[PDB]
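Have a look below at one chain only, the form deposited in one PDB entry, in C-alpha cells format.
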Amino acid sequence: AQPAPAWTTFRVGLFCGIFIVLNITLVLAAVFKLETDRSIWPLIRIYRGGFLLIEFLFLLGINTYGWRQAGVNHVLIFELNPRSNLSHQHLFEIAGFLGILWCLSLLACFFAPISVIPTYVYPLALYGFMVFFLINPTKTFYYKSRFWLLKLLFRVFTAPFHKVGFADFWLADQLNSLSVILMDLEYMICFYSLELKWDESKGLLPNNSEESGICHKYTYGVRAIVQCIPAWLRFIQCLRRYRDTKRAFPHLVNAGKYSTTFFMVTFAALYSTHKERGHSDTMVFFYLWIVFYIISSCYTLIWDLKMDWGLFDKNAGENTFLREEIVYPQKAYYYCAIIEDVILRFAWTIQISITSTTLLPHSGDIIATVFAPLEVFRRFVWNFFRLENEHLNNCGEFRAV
C-alpha cells in the first residue's frame, strides 16, 4: 500500500479538471450550437459505449480505493503481484485521460474544426486509439497492467478451455454489466458498413426522421448474439467450474441464473420480429417474455443479495437482514445498497437487456441511454460487497483456504 507519487496525483487532478471543463463545454455546445433537422441518435449510440467505459474505469478506481481503505485485500483475491499492483490513482488517471479523448472526439463531432476531415472520422479515431492503447506492445504506458488485462480478456473470451480464477469470473461479471458497450460496438460496425453514407459530409447524422435503417432494427438477429455473449461467457464458465469440481451446487444454480438471460433476449427478439411482422401471437410472445422476465430479475437479485454479497445471513444476530461480519465503517451502506440493488435490478433488464433488441417503446433509446450509467453504478456497488464477501468468508471456493 505504498503511496502514489505526487506527480501522478497532479496528473489525475489535471485530467479530471480538463474533463470537467470539456464536459461543461460539451453540454453548452449541445444545448446552444446545434440544428434540429437530423437525428442525433446515431452519435449518442456510438459514444455511449465510450462514456460507459470511462464511467466504469472511474468507478473501478473508486472501488479500488474503497477496497484498500476498508481492509478487503483485492490483491490477494485477484492473485496479483503486490509490487506492481495499480493504486486507485492510476485507474483514476487512465479514466481521466480516456475521458479527455472522448470529450475531444465528441466536441469535434459537434463542430468540425477541420472541414477537410469528415465528421464520422472522429468516432472511429477515438475507439481506434482506445484499442491501440490497450494493445500497445511497447512497454510505455501501464505495460504490466495492460498485458495482464490482455491475458485476462483472452482467458475470458475463451472461457471453457481455461481453468477459472477469481479474475476471470470477476471480469466476466463486469462484461455482463457492460453489455451496452458490446452492443454499441456492434451498432458502430453495422452503421459504418451499411448506413454511414461515406460520401455524405454529415452521413452519421441523417436527415430522415424515420429510422428505416436495419441497424437499429433486428432483422438479422445478430444483435441478440452480441447482447448475449456477456451472459453466455458466465454460463460457460459456471459449467466449466462444475465440470472441474463435480459439485452441482453452487454452479448449476449459477448457470441457470446466467442462462435466464438467454431466454430473456430470445423471447424479446421473437416479440420484436412477431410484432414488426404483424402476427397473431404477438401478445402471447409478449406475455411469455414478461413471464421469463421477473424470474430472471429475481434470480439475479436473490443471487446478489444472498451469495454474491453474503447478506440475509441467518447468524447475523445484531445486524438485521445482513451478515455477521462487516468490514465497511458504516452499517447504513449495506442497507442502502440492498435497496439500490433492488431498484436497479429491475431497471437494468428493462432498459438494456431488452428495449435494445426489440423496439417496443419510441423512448427506448432515451431509457437505455439514461439507465446504462445506473447499470454500471449497480455493478460498481456490487463490486464492493462481492469483494468484501470474498475477503471475509470464501465464496465460490476460488481460494484453497
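In case it trips you up, residue 1 is the first one in the sequence shown, and so on. The term rigid core refers to the most C-alpha atoms you can superpose between the two forms while keeping them within 1.5 Å. Residues that one form lacks are left out of the comparison.
Another form, the form deposited in another entry, is not on view; read the next lines as being about it.
J.: Look at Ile352 and decide if its Cα position differs by 2 Å or more between this form and the one not shown after superposing on the rigid core.
T.: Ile352: C-alpha displaced by 2 Å or more between this form and the one not shown.
J.: For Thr8, state whether the C-alpha moves by 2 Å or more between this form and the one not shown after rigid core superposition.
T.: After core superposition, the C-alpha of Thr8 moves less than 2 Å between this form and the one not shown.
J.: Between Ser353 and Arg241, does the Cα distance in the other entry come out closer or farther than in this form, changing by 3 Å or more?
T.: Those two alpha carbons end up farther apart in the other entry.
J.: Where do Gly396 and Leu392 end up in the other entry, Cα atoms closer or farther than shown, with a change of 3 Å or more?
T.: Closer: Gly396 and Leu392 approach by 3 Å or more in the other entry.
J.: Note down every stretch of 3+ consecutive residues with C-alpha shifts of 2 Å or more between this form and the one not shown, superposition done on the rigid core, in sequence order.
T.: The segments that shift (3 or more residues, C-alpha shift of 2 Å or more) are 34-36, 200-203, 352-358, 394-401.
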